[PDB]
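Single-structure report; data block below.
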Amino acid sequence: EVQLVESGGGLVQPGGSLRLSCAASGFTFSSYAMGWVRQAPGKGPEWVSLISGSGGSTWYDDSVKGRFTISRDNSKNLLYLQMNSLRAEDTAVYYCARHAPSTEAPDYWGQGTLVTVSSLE
């Protein structure tokens with residue numbers, strides 16, 4: 001019933017920019033903190049950014065402060081991540097995620113979108 005579908009990932013050269021979107025349904029959107037998880041291929045997942053239910057408060061991992069901007073549109077149930085000045089290190093699968101602190105089951109994630117920062121030179 002809970003659905004998370006992300007869009008907008010892909011290939012970009014270094015210094016480029018990308019915008020991820022995430023559409024939700026199956027729950028009351030604004031009653032959950034939402035965020036973005038990243039997973040590099042040989043590594044565990046980490047939270048890259050988090051936004052409060054209302055969107056009044058945000059958090060960013062130190063490695064992305066200033067470059068990435070998280071936002072949400074509670075009237076259309078959408079979560080965004082504007083990713084600027086992309087660096088090779090930003091390469092990973094990014095997951096849209098619904099943070100449920102009260103739920104014991106793991107958080108719901110979207111299917112994941114690959115983000116590759118690469119110049120073939």
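Looking only at residues that are over 12 Å from the mean Cα position of the chain (by Cα) and either within 11 Å of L81 (Cβ to Cβ) or not hydrophobic (A, V, I, L, M, F, W, C) (or both) in segment 34-44, which one is surrounded by the most Cβ atoms within 10 Å (Cβ to Cβ)? Among residues in segment 34-44 that are over 12 Å from the mean Cα position of the chain (by Cα) and either within 11 Å of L81 (Cβ to Cβ) or not hydrophobic (A, V, I, L, M, F, W, C) (or both), the one surrounded by the most Cβ atoms within 10 Å (Cβ to Cβ) is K43. Looking across segment 98-121, the residues that are over 23 Å from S7 (Cβ atoms) and polar (S, T, N, Q) come down to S102, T103, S119. Within segment 72-94, if we keep just the residues that are of a type outside the set (F, W, Y) and within 10 Å of the chain's Cα centre (by Cα), the residue that is nearest to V5 (Cα to Cα) turns out to be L79. Regarding segment 45-55, can at least one residue be identified that is within 27 Å of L120 (Cα to Cα) and of a type outside the set (G, A, S)? Yes; the residues of segment 45-55 include at least one that is within 27 Å of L120 (Cα to Cα) and of a type outside the set (G, A, S). Exactly one residue among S71, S102, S54 is in contact with a helix residue (DSSP H, G or I) (Cβ under 8 Å, 6 or more places away or on another chain) and hydroxyl-bearing (S, T, Y), and that residue is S54. Restricted to strands (runs of 3 or more DSSP E) entirely inside segment 30-108, those with at least 1 residues that are farther than 18 Å from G10 by Cβ, in contact (Cβ under 8 Å) with a residue 60 or more places away in the chain and not hydroxyl-bearing (S, T, Y) are 33-39, 92-99.
Read the figures in this text as sums done on the coordinates, not as results from a lab. No Cβ is skipped: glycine too gets one built from the backbone with ideal geometry, and neighbour counts run over all protein chains shown.
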